[PDB]
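Encoded as structure tokens, the following chain is the form solved without its partner chain, with no partner shown.
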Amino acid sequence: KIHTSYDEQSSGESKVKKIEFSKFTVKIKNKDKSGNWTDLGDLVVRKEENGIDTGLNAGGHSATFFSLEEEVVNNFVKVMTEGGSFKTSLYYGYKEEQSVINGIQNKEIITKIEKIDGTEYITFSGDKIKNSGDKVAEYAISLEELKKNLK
């Protein structure tokens, strides 16, 4: 007879990243199968010359979340501190979705302000996933943490 086993665990935390004048990072939550907001990770907003480019950064995975043209830079910032509806150059979303396979060009993003737990959040209608039932992938970002870098 033989018997063997193994187990390992590791973690770390630090606040050492590129300056606010180059990129910034904010919270992000998603709607589960129960239709309730649940934590997902963080959103790295990179301030490029030719628009804005954003990337989801969860506890074991990362990818492009959405991106917009130079003509939408101030426009996106407006709908992300006050709400509104402007088109985006590309919308990929998080993994396990129908858009993330390739991306959606010219994708219409309709934002709205809503509270959740005493902080003001912003929610928006993404692509139509195939793991829920003809629904849209919906999310929530701390509008109060966006304002810190959107003002």
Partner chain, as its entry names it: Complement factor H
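Residue numbers count along the first chain shown, from 1.
Keep in mind the form solved in complex with its partner chain is missing from the figure; the text below concerns it.
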- Query: Want to guess which of 114-122, 80-88, 30-38, 49-57 is within 4.5 Å of its partner chain in the deposited complex, heavy atoms only?
  - Reply: 49-57
- Item | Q98, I109 and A137 all contacting its partner chain in the deposited complex, non-hydrogen atom within 4.5 Å | no
- in the deposited complex, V44 touching its partner chain (heavy atom, 4.5 Å): yes
- Task: Determine whether any heavy atom of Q105 comes within 4.5 Å of a heavy atom of its partner chain in the deposited complex, and answer yes or no.
- Result: no
- Message: For a quick check, can you give me the residues of 81-97 that have a heavy atom within 4.5 Å of its partner chain in the deposited complex?
- Response: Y92, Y94, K95
